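Protein chains in written order, with the UniProt record's numbering: chain A, 47 to 396; chain B, 48 to 396. Just so you know, even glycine gets a beta-carbon here, dropped at the ideal spot from N, CA and C. Below: one structure, written as structure tokens.
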Amino acid sequence: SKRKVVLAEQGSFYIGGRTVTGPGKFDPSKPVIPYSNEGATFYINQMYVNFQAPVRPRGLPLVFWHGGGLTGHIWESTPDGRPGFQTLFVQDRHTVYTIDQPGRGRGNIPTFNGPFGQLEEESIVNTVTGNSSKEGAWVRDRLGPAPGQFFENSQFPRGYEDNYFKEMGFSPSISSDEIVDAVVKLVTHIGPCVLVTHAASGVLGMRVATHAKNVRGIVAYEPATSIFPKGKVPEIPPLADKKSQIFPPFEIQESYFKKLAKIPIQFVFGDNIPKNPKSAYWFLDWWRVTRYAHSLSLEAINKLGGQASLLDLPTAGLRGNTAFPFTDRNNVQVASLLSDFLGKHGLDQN
Amino acid sequence: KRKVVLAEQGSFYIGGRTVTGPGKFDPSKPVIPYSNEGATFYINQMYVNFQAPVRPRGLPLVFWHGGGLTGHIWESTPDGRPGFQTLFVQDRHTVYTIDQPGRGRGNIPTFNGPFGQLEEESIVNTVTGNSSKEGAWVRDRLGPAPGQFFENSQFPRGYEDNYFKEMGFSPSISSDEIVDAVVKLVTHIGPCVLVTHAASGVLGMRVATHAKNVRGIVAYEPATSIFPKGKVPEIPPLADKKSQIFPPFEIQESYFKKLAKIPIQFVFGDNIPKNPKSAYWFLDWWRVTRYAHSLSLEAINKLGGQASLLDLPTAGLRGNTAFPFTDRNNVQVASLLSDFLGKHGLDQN
Ligand SMILES: COC(=O)c1sccc1S(=O)(=O)NC(=O)Nc1nc(C)nc(OC)n1
Ligand SMILES: COC(=O)c1sccc1S(=O)(=O)NC(=O)Nc1nc(C)nc(OC)n1
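So, in structure tokens, the structure goes:
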């Protein structure tokens with residue numbers, strides 16, 4: 047059965063985070079409810095981790111890291127209920143870790159007794175939130191140029207829009223340093239592994255690898271922020287509206303950037319990213335310039351002796367993918383290309 | 048034994064509604080920073096995970112976490128031993144675990160603006176509440192005060208950080224909308240058994256009154272009692288002679304009577320005092336809450352029901368906390384759940 051999965055073991059655990067404290071002392075004779083900050087210890091910014099291990103794994107464990115506003119659900123199942131990459135790669139004899147990063151899903155949302163995110167006089171995260179709409183996500187993920195529209199030959203699981211957009215939500219303003227820190231701790235716990243990232247976690251996975259030699263490879267689906275050595279960001283054009291820019295590239299010390307040259311790295315992009323300026327469709331143009339910036343980032347890694355590559359799925363014969371290729375209708379073929387990358391670098395061997 | 052063979056597994060979203068911002072969406076304008084303009088937001092949906100064994104027997108089980116928790120508590124214990132999800136797939140039941148609206152992978156309804164506010168509309172409150180480690184320690188009866196264990200405790204000592212890290216706040220989503228999501232899941236699944244915990248105790252009773260597909264309930268340490276409207280019995284205050292337990296939920300008698308048509312078991316752990324305990328607020332709270340539940344079960348049985356209270360010490364299990372299904376003896380706790388399922392024909396096809 048394509049759906050059957052045999053697990054030597056499965057489970058979940060929490061890792062990372064810190065504690066913060068309220069004032070005063072806790073008295074167990076006083077009413078505990080309504081909950082109070084008095085005498086309080088709060089665990090904040092911890093990460094949820096799920097693992098599924100096949101019988102007799104072959105090669106390195108994979109750590110699947112959801113994109114912005116998502117959770118590990120996107121690796122479990124597609125919106126129309128087909129197997130996600132978690133099942134596919136357990137079947138491919140890898141132990142599979144799926145995370146809900148701090149601030150998302152089963153990860154901690156740091157809030158207390160008081161306005162959201164505030165512990166007495168300390169703002170742990172902002173009370174004002176941000177969150178995409180269905181319409182924003184539709185064009186961000188390139189389902190089509192405008193909400194309700196689909197590109198010709200789309201691989202989106204059409205009809206399951208409600209399921210898809212229901213998986214998306216806000217992220218509190220946890221520092222990216224603390225998100226990276228949690229995953230570094232996971233990588234220390236797991237040992238040698240491969241990070242598989244998506245969108246917002248693209249740049250975060252690159253950062254983890256510079257802090258954790260156990261990261262032996264990276265596959266990044268549609269990364270949202272580019273990374274460069276400090277002071278060496280190339281010229282990147284504004285968008286076609288002559289006012290907007292892509293996400294400010296993340297800059298790291300060259301001593302850390304050079305660590306990215308020591309491992310195989312592949313960035314994967316779906317379809318319908320325009321080649322030419324598209325002033326009518328902001329997020330399509332955003333993707334054009336963002337993919338361009340990533341091509342320069344990978345070049346910089348390769349000029350330092352790296353093993354970085356850009357895979358456009360259409361060049362591999364796969365047409366119509368959205369920015370979530372691993373939950374599209376052809377996600378088995380997308381998984382096959384990930385299996386190819388792992389095999390090429392011996393990451394599927396013991 | 049950690050091995051598990053799954054005919055299939057996966058997850059999906061169910062339930063919820065939408066709310067909309069003002070104005071219209073223009074794809075030519077900058078989409079980031081995100082805006083409420085022209086926005087449709089999906090809110091209050093629920094996350095559902097399922098694992099199905101080869102050749103299932105009996106009814107699927109729906110495990111429903113307590114307050115401030117997620118489906119994690121059914122996956123593994125804080126010290127990494129198998130949770131009820133694995134144990135009951137091994138027992139050849141299909142197992143559903145949920146993250147209810149507002150918790151974990153369920154939706155937290157917030158937008159662009161102060162938390163929970165969509166323009167001038169308060170969808171959930173901006174001011175949150177959340178237990179501390181200290182409050183949860185005594186709530187769950189690890190011991191009488193933070194950092195202290197009962198001598199007989201079944202808690203997995205040394206894994207305190209892991210345990211408390213699984214808990215968090217819940218936004219002020221209406222209980223009606225949480226019950227609605229699970230009713231919709233139960234409609235989708237078909238005949239099933241609800242296994243609830245703490246805060247989800249009263250919610251699961253409510254679901255059963257709306258969903259004939261619920262064929263049985265096992266509730267671990269339920270936090271709020273339920274009675275027919277206007278028939279709440281005399282319940283004393285706590286030993287401090289000032290505090291009360293949670294106000295019992297009242298439902299119309301025509302709905303309450305549906306609880307008499309299925310087997311219902313409430314399960315309590317150890318170290319609930321028999322006598323007033325004014326020095327330890329949450330120990331005394333559990334004394335009076337357990338008493339209220341005993342009266343609620345009695346009311347169900349007076350309508351022809353089959354509602355029972357299982358005190359784990361009477362079954363030979365000593366020292367359980369208010370999370371018996373993640374304690375050190377959770378395999379023995381699971382055995383008693385399998386016994387209940389077997390007696391009532393819920394483990395046969
Ligand atoms: C599928 O492709 C994505 O999904 C994309 S594309 C751009 C973003 C995303 S994302 O994962 O949702 N969020 C992020 O990358 N995070 C993020 N969000 C905001 C509002 N600003 C900043 O930096 C200024 N970063
Ligand atoms: C282990 O036993 C529990 O875990 C208990 S005991 C009391 C509560 C819990 S709980 O699950 O955490 N929270 C709830 O039952 N929810 C809740 N919380 C508050 C502050 N007030 C109200 O009453 C409207 N309900």
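Practice item. Kindly list, in the order they appear in chain A, the residues whose Cβ is closer than 8 Å to that of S200/B. Key: Result: empty, since nearest Cβ-Cβ is about 16 Å, beyond 8 Å.
Check your understanding: Which ranges does the alpha helix (DSSP H) cover as unbroken runs of at least 4 residues, wholly within the region 323 to 364 of chain B, from first to last along the chain?
Key -> Taken in chain order, the complete alpha helix (DSSP H) segments of 4 or more residues contained in the region 323 to 364 of chain B are 328 to 348.
Check your understanding: Who are the Cβ neighbours of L306/A in its own chain at under 7 Å, not counting the five residues just before and after it?
Key -> Excluding sequence neighbours, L306/A sits near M252, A255, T256, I347, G352.
Check your understanding: Less than 9 Å separating the beta-carbons of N172/A and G63/A?
Key -> Result no, Cβ atoms of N172/A and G63/A do not sit closer than 9 Å.
Point to revise | Rounded Cβ spacing between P269/B and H340/B (contact assumed at less than 8 Å) | key: The pair is a contact, with the Cβ atoms about 6 Å apart (cut-off 8 Å).
Review point. Does ligand 1 have even one heavy atom less than 8 Å from the beta-carbon of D187/A?
Key: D187/A: yes, Cβ under 8 Å from ligand 1.
Exercise for review: Return yes when the Cβ of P310/A is within less than 9 Å of the Cβ of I264/A, no when it is not.
Suggested key: Taking 9 Å as the Cβ cut-off, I264/A and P310/A qualify as a contacting pair.
Exercise for review: Select from the region 181 to 212 of chain A all residues with a C-beta closer than 8 Å to any C-beta belonging to chain E, and list them in chain order.
Suggested key: The structure shown contains no chain E; its protein chains are A and B.
**Study point:** ligand 2 heavy atom lying under 8 Å from the CB of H244/B
**Key:** True, at least one ligand heavy atom lies under 8 Å from that Cβ.
Point to revise | Short Cβ contact (9 Å threshold) for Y81/B with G182/A | key: Yes, they are a contact pair.
**Study point:** Coarse secondary structure for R262/B, derived from DSSP in three states
**Key:** Three-state result, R262/B: strand.
Check your understanding: Does DSSP put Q137/B in a helix, in a strand, or in coil?
Key -> The answer is helix: DSSP assigns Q137/B an H, G or I state.
Review point. Can you list the residues of chain B that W333/A reaches, using a CB-CB cut of under 8 Å?
Key: Within chain B, no residue comes near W333/A; the closest Cβ sits about 11 Å away, beyond 8 Å.
Practice item. Could you round the C-beta distance between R139/B and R102/B to whole angstroms and report it? I think they count as a contact, below 8 Å. Key: About 7 Å; that satisfies the 8 Å criterion.
Review point. Does the separation of the CB atoms of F110/B and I145/B fall below 9 Å?
Key: Contact: yes.
Review point. Ligand 1 heavy atoms versus the CB of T124/A: any closer than 8 Å?
Key: Taking 8 Å as the cut-off, one finds no heavy atom of ligand 1 near enough to the beta carbon of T124/A.
Practice item. May I ask whether a heavy atom of ligand 2 can be found less than 8 Å away from the beta carbon of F293/B? Key: Because some heavy atom of ligand 2 lies under 8 Å away, the Cβ of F293/B counts as near it: yes.
Exercise for review: Quick one: grab the DSSP three-state call for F158/B.
Suggested key: Three-state result, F158/B: coil.
Check your understanding: Which residues in chain B sit within 9 Å of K50/A, going by Cβ to Cβ distance?
Key -> Per Cβ cutoff of 9 Å: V52, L53, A54, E55, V101.
Review point. Alpha carbon to alpha carbon, how far is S217/A from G130/B?
Key: Taking the straight line joining both Cα atoms gives about 29 Å.
Exercise for review: Under 9 Å between beta-carbons, which chain A residues line up against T234/B? List them in chain order, please.
Suggested key: Here the premise fails: no neighbours, minimum Cβ distance about 16 Å.
Exercise for review: Leaving aside the five residues before and after residue 2/A along the sequence, list all residues of the same chain whose C-beta is less than 8 Å from its C-beta, in chain order.
Suggested key: Any property of residue 2/A remains undetermined from this structure, which presents chain A solely from 47 to 396.
Practice item. Kindly indicate if chain B contains any beta-carbon less than 9 Å away from that of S325/A. Key: Chain B contact via Cβ: present.
Review point. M93/B and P148/B look like a contact to me (Cβ under 8 Å); what is the Cβ gap, rounded to whole Å?
Key: That pair is a contact at about 5 Å.
Practice item. Please list, in chain order, all residues of the same chain as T117/A whose beta carbon is under 6 Å from its beta carbon, the five residues on each side excluded. Key: Excluding residues up to 5 positions away in sequence, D146, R150, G151 lie with their Cβ nearer than 6 Å to the Cβ of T117/A in the same chain.
**Study point:** Chain-order list of residues whose beta-carbon lies under 6 Å from that of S355/B (same chain, five-residue window excluded)
**Key:** The residues are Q312.
Check your understanding: Are any of the Cβ atoms in chain A nearer than 9 Å to that of residue 471/B?
Key -> The structure shown has nothing for residue 471/B, since chain B only spans 48 to 396.
Check your understanding: Buried or exposed: which applies to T361/A, given that a residue is buried once 16 or more other Cβ atoms fall within 10 Å of its Cβ?
Key -> So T361/A ends up on the exposed side.
Practice item. If I'm right that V226/B touches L250/B with Cβ under 8 Å, what's the distance once you round it to whole angstroms? Key: Yes, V226/B and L250/B are in contact; Cβ-Cβ is about 6 Å, under 8 Å.
**Study point:** Interface partners of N154/B on chain A, CB under 8 Å
**Key:** Residues of chain A whose Cβ lies closer than 8 Å to the Cβ of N154/B are, in chain order, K212, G215.
Review point. Around the Cβ of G105/A, are there at least 16 other Cβ atoms within 10 angstroms (buried) or fewer (exposed)?
Key: Here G105/A is buried: its Cβ has 16 or more other Cβ atoms, across all protein chains shown, within 10 Å.
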